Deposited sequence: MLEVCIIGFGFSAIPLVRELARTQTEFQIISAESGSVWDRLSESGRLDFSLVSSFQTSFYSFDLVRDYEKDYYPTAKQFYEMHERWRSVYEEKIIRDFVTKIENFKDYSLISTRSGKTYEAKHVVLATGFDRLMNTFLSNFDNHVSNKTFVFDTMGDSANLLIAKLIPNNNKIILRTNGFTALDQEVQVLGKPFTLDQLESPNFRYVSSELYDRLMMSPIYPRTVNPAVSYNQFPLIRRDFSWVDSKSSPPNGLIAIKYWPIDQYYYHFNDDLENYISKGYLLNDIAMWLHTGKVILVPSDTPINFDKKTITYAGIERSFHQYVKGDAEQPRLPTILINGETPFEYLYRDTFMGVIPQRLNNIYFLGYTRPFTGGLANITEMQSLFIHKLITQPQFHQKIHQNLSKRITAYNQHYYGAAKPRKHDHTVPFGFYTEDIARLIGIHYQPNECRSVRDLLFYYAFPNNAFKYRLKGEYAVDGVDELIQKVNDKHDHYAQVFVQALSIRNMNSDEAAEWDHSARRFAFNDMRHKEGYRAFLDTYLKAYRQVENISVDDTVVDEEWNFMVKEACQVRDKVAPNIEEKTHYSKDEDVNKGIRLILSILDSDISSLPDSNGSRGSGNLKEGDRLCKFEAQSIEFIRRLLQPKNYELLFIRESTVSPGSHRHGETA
């Protein structure tokens, strides 16, 4: 009897396949001849974009230990080539066929295929990915459509890539949405670049939910009255957050587009701009788009005619070339039959950690949990370890399955509370999920085992990426010590992130909000850092048209759109003319780096109380997680 069948092989499955080879577990892969969306995009030369996620969170530990030099954003091309390098290693273990039905019995599944060949496997893993409506727009993108108007009913990472590709062909963008959360993917800390996943310090949740809330939520909830923040200048961007019924912030189910702010874009790319664009580094600055009027927010229920294909905003009858219905993603699950009879219904919440479903035996899901920030790599690596342990270690299998139903109830209560299932429940802050999986496995770190201040910074401020949990113990990867070392030396041991928590431990919700925005350049959606870059923008648009071999006439003005922008930017034209963290962080960082190697338990009683609080980090009081204990 075949021990393991993996169905679907692209990216999600790589770390699990590796672990099965290490323990010489009998496995077969079954994967479609047609391949993935990256194959569609490759064949037709449309791999001319970059990832919305850092190298550090988007590539697996066993590649990072070889190829990590510096923080950066990898190209679509690089991400694809790394898929195709790992496919080549494992191609011999891959059967090219499509699975159409799984019949699940007590201790085995019967797998049917399109060819007619059937397979018996004790353990079955789905890593088949998602069907995506928006894929057609990207794969079959026409770059001649010019001076046309587009309406989008949802803002996600796909719409933003499309918007980034349209704007330089002088196409006009209207967002008919009920708000969206956008966040600068890159951020300055005292004039040094940090990708946003570097600054989440997730284990501070263990001190208290309240303190973690103040650490993260002011850029997302409209908590500052600072006129400089996008959600004050352009209030239509704000969302309805009355669904959130969890104390865990940021909440499961919240999505975010990550984008280049133009200042960060400039710093990296201004010096070889045409070459960088051609590699796939595209300016996708949605807040620069609203500021310049090249995108406009309009209310959710604005008048449109679907037959006449027209928008009417204030009083101009705008003919719209295309309406784009937003990205809805649904798992590519084949029919699964319970006791080889009853069709199985997929619901993220009715599975444990997005991986173990109920009423099925020895079936696991790999690649169906979405990270809020950073790459999928973080989630699928830790899931691969969870799945590998369940398949190979019956003790572990028994421990998890014994009370599966209760664990799932306890997880749902902590992360979703009494909220009705939503289509985005599958989205999780990465540094909670990876940490959650690591405690179920037992490759987690113990806060009480911190000896020095250096140790506290690794436990609390060092990002909760999958490789952090592969330094030592059951899933150790050779070279992780040298990686953690390199990362720490480049980021000042994440002291700047640790000092933020120091500074706001005595503040309330409103106070932290005002403090978050007291900076020269606050982290996200700082509209003071846009006007200065109008000249560069026009250099960029010209550079894009030179790469994409396109020529529109800029000397022809669409006076009607100029008119629709004014109506839109009404609050901005009121709020903008009404236009400390830097000092606190600066003083804080120098304090921490002076006592790096000082013993915690040693540190004296009666700076000031910043000591009492650093000693309690040995005994955090929100450490309980009922789905694990």
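Against the full deposited sequence, the model leaves out several stretches, namely 580-585, 613-630, 654-668.
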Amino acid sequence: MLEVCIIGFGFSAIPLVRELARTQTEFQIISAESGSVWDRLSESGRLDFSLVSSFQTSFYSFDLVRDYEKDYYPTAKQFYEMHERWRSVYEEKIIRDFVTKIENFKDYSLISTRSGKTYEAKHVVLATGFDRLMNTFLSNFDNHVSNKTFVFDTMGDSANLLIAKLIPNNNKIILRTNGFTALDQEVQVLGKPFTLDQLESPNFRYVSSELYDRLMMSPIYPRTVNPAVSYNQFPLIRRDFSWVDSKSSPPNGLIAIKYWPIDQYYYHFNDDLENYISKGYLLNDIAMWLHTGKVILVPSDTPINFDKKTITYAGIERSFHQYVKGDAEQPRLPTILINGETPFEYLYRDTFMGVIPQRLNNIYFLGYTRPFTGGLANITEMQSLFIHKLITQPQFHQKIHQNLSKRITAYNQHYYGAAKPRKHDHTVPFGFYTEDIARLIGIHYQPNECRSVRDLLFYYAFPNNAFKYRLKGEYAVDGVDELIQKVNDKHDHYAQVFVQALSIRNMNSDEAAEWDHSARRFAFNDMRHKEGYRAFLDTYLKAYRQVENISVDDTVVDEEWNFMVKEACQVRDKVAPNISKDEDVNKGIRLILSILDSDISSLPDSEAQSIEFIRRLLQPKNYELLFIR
From here on, numbers count along this sequence of modelled residues.
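Of the two segments, 540-548 and 200-208, the one listed with the higher mean B-factor is 540-548 (C-alpha atoms only). 337-345 and 88-96 differ in mean CA B-factor, and the higher of the two is recorded for 337-345. Per the PDB record, 603 has a higher Cα B-factor than any other of 64, 603, 51, 30. Of the candidates 284, 115, 78, 305, the one whose C-alpha carries the top B factor in the deposited record is 305. For residue 467, the recorded CA temperature factor ranks within the lowest third of the chain's modelled residues.
Per the deposited record, the Cα B-factor of residue 241 falls in the highest third when ranked against the other modelled residues of its chain.
Per the deposited record, the Cα B-factor of residue 60 falls in the lowest third when ranked against the other modelled residues of its chain. Among the modelled residues of the chain, residue 290 sits in the middle third by CA temperature factor in this PDB entry.
Among all modelled residues in this chain, the alpha-carbon of residue 614 has a temperature factor (C-alpha) in the middle third.
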